[PDB]
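Have a look below at one chain only, the form solved without its partner chain, in structure tokens format.
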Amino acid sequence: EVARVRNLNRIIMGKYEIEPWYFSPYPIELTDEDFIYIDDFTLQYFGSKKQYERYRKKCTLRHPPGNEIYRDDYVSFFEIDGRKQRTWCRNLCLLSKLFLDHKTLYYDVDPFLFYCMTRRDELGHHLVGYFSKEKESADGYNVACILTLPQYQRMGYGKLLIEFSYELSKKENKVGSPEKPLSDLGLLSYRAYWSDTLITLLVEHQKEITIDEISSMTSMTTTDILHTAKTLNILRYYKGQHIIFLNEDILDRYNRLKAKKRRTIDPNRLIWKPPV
């Protein structure tokens, strides 16, 4: 007799069988099996396919449990108060931790708002990613953690999540930046977003733009703007203050960007007021 005591080596979520990157503290028994089922609507976890199936038949809504504050032909965003949806949000944090080196205690979700993005097609809503945000951040962080589910990564969804987080800041009349320290993947995604943003402004708005103007239009912090401008070699002094400026390199980058034909967030479709 050999008694196997296995780690969680795969989760089964819809048709996907996904291997975790890191340990997550799912409060489950260790058995001779190395999988659990994650329901793609409720995010509930099950040790057995039969138990999963039993609950799957229950009558449930087929999208995340919050208010739909943005809806276009491609995606929806749902805003969820962690305090009002404790179970679902705890389940979301357990799932997220499988793909993070560290995360704040999964159980305590009350301090957070969760912004969950779905793709909609002929089959309805499919959760593809989220970002969390502190209700009250001492550092003014506009994102706490951000995640695209692995089965959906490298399809452009992460950039949409970032873009949406800044649209909230803009509506709030505040600048913001993601919580640090940031994972390498998280930081490289932000640098690409910040870079594409400055490039797009230079081509579509004005050939020369001040720091104040950029900050007003984007809610990016002075620090993130300057770091991005220096990387692109577009920082100058003109008419008595620092600006970024257009050149041939930027034009070329812009044309390559547009060639990719990627989706963006339409600020006009964000129907939302800050708490006040």
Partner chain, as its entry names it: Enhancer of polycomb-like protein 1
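Residue numbers count along the first chain shown, from 1.
Below, we turn to the form deposited with its partner chain bound, even though it does not appear here.
- Interface membership of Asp139, defined by any non-hydrogen atom within 4.5 Å of its partner chain in the bound PDB entry, is ruled out.
- Proximity of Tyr107 to its partner chain in the bound PDB entry: non-hydrogen atoms within 4.5 Å are present.
- Put simply, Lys15 is close to its partner chain in the bound PDB entry: some heavy atom of it is within 4.5 Å.
- Taking the partner from elsewhere, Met220 is found to have every heavy atom lying beyond 4.5 Å of its partner chain in the bound PDB entry.
- Contact annotation for the candidate site: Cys116, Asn173 and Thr210 all lie away from its partner chain in the bound PDB entry (no heavy atom within 4.5 Å).
- With its partner chain omitted here, the record of contacts in the bound PDB entry names 33-41 of 234-242, 212-220, 33-41, 247-255, defined by a heavy atom within 4.5 Å.
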